[PDB]
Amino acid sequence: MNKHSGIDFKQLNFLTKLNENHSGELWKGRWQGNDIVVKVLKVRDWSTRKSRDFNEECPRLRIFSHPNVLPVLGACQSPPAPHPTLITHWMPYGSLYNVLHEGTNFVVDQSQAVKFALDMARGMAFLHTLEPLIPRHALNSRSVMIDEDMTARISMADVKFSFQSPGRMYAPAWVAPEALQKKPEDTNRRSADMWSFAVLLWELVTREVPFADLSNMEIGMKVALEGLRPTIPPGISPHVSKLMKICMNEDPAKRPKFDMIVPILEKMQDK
């Protein structure tokens, strides 16, 4: 018998549809006493091979051991489910992107921003201890969620799967220049994630979407081939400027590890 049967799709209570796009559909729902989000994946040319792969990739996402990592609670295998499906907890504030850029009711203060940064650095340091690394995980403000106590958590449900096209990249503004150009197996993936964190620092400092005036194609091509970088913000402390510069080092090998910037960010907290 299989080691995991996964979550039974029949047990999901679908309450309300949140979104639909190229990658699938998000629903708010309930499952075994949990308030959940369900992602129903859209896949072209689904096959037994891809289904087998989905069922081997999902167990790694069920990470319950770190406060700044949001687990996949489980997945529906397809077959027997209609479509490959992911389940995670509903995060009441939504993504970091939504809290920073689509927050119609309050503006988080810079003490909260520094706490988000520490939260994300702790979660990434934990993920970087895993062997092997969780593949195809891109750090950006849409893949970080804000829980009911304002804790920032890296979303494991936002990983890409092996059967989702690696040729289509939808948040290039957070991607390291080398990762725009080289296959993952030819990059240091941990150092690439630190570039993404540097861009998150920039986003927390400016409260702007990086390269908001450009299309994703323009962003990737200009960052990769024309040296386009975020403009260092005026009027910030030398300490924040220095941290953002080292995390965004052009040389991947000179960027700090997440476990090095965690104590730096701890000292930047109010508490």
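Each form is matched to the other, and the largest set of C-alpha atoms that superpose within 1.5 Å is called the rigid core. Each residue number is its position in the shown sequence, starting from 1.
Using the rigid core as the fitting frame, the root mean square C-alpha deviation in 5 other deposited structures of this protein is greater for 129-137 than for the other of 75-83 and 129-137.
Averaged over structures and residues, the CA distance from the shown form in 5 other deposited structures of this protein after a core fit is larger for 162-170, of the two stretches 102-110 and 162-170.
The stretch 96-104 shows the higher mean C-alpha B-factor when 96-104 is compared against 149-157 in the entry. Look at the mean CA B-factor for 158-166 and for 115-123 in the entry; the higher one is 158-166.
Based on the entry's C-alpha B-factors, the most elevated value among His89, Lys182, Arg190, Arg142 belongs to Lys182.
Of the candidates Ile63, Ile232, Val40, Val37, the one whose C-alpha carries the top B factor in the deposited record is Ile232.
Ranked within its chain, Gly220 lands in the lowest third, by CA B factor from the PDB record.
In the deposited entry, the Cα temperature factor of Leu70 places it in the lowest third of its chain's modelled residues. Annotation for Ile261: C-alpha temperature factor in the middle third relative to the rest of the modelled chain, per the entry. In this PDB entry, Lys50 carries a Cα temperature factor that places it within the middle third of its chain's modelled residues. Annotation for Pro177: CA B-factor lies in the middle third of the chain's modelled residues.
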